[PDB]
Every structure is written in C-alpha cells, then in structure tokens.
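So this first bit is one chain, no partners, the form deposited in one PDB entry, shown in structure tokens.
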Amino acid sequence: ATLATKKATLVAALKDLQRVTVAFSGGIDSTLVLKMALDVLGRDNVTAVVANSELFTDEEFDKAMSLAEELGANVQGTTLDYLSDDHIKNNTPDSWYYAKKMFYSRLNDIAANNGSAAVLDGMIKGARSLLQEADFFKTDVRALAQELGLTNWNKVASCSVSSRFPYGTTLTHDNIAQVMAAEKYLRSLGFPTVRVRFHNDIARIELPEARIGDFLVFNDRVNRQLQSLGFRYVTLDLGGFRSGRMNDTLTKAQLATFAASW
C-alpha cells in the first residue's frame, strides 16, 4: 500500500535474517538495500561485496567502492573471471545467465564464511530480492531513497560491455579496451548515456535522440578519435539509444517489429 508499509515489510525481513551480504552494484537499487540493511542490522552485521571484472570499467568499480564506505558499510572487493567462461567469452545469447551464475556463486561462498543468512540483491518489480518481496516499483525506490537522504548513486546505469558486441562474437582484451576507450572518450565530451556498438570495423554510436543535435559539433573529432582506436568506419545510429522509447504511437510499434526480426 503506502510507502511506509512497503518500508516496514522491508525492515521485517532484515531483522529476521540476522546477517546479510549485500551484492552492491552502485545503482540506486542496491544503494537502497545496502542502506536499509545497515540501519536495521548495523555495520558489524552487513558486508558489502562489489564485483570487479573485465566486463565493467575501473570507474564503476571505484565509484561503488567509495559509495559503500561512505554509507558506513564495511566493503569487500571481489574479483570475477568472466572471460574464462566459454559462453561469456564467446557471447552466446545465454551469456548473461552464466555470468550471473558465476556472480552469485561467489557471493554464496563469501556469505558462507562471514556468517550471513542470505545474499541480497537489488531487484525490484538462491539470493533474496527483498525490494521485489516488498512490492517496490521504480517510483517507490526513488521515493524511499529520497526520504532516507541518499543522494549519490549511479545516475546512468552501468551495463556489461557484452551488450556492445554481437552474439557469437568472441570478446578479447583488445575488443573491450577498444569499446571502453571509445565510450570513455564520448562521455568526456558530455554524453554520459552512450553506447558504442562494435561491428568489426564499423563502430556504431547510439546517443539519446535528444542529444544528437548537440553532437554535430564533435563529428570530425569522434571520427578521427575512434578510427585511431582501430575502427575503419565511425558511424551514428539514426535510431539512437533505446530507439522507439520516444517514438509516437505508430513508429514505436513498428520499431518493435524490426527489433523482434533479429
């Protein structure tokens, strides 16, 4: 019902699971659970685990680590070898599941050796997703994180760099470095939400459509900058990032049909 009741449903499961390990990504979803666990259970009874890996930037790792210390949490860096998994290494469509399976297996073992009763993630509307078990929607997380005074969290969602390569394409340290350096370079010009999709020698840039207007001034520099990172053709996706999201009634449903044809 009200936010208070959903918050009370949250408190009740925390006090029932005496100790917990928090799977902490830095986003607002995990910021909420990590904060709530601390103030219901205490700094001595909650441990923060921030995964480190080759599929995420050193910046998202560094940022989540500082956010967890500054929430008063005792934080733990943990290091996963996703690219030693042939599904992930070869980016089959089922990569995402084996990568999560490697993930939660690590927290299973880590929670085992710190006395925890469950492993909590931050998923909303055998780990526990109390936000989902308390009927928290997106609107409820923002409100609760507002009333708790939390102000710092990943404003732009982090995503596994697998999303930038086609399926079947094998990921290499050269690949990822190529894609990560190109997205880092774009972000430095003022495009925080950006994807650089990798297509062998074509680099294919997705911007928020609202921003494409402002991007025209950086064409030549982006083109020469990304070429020197090894792309022959630097191109701009005319659909933008999350195409169809802002299309009118008729062209979002058509754009979905094309999205489903692949």
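In case it trips you up, residue 1 is the first one in the sequence shown, and so on.
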| property | result |
| --- | --- |
| Size class of the missing deposited segment between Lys89 and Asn90 | none |
| Between 154-162 and 110-118 (mean CA B-factor, as deposited), the higher | 110-118 |
| 200-208 set against 51-59, stretch whose average Cα temperature factor tops the other in the entry | 51-59 |
| From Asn175, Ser105, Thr78, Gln132, residue of greatest CA B-factor | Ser105 |
| Top residue by Cα temperature factor, when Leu148, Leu171, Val179, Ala127 are compared in the entry | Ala127 |
| Record-listed C-alpha B factor of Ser84: chain third | middle |
| Cα B factor band for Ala13 (lowest, middle or highest third within the chain) | highest |
| Chain-relative CA temperature factor third for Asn45 | highest |
| Position of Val141 among the chain's modelled residues by C-alpha B-factor, lowest, middle or highest third | lowest |
| Third of the chain, ranked by Cα B-factor, where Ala64 sits | middle |
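Note that the form deposited in another entry isn't included here; everything after this is about it.
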property: Option at the hinge, rigid-body rotation between this form and the one not shown, list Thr78, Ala181, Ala157, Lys100; result: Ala157
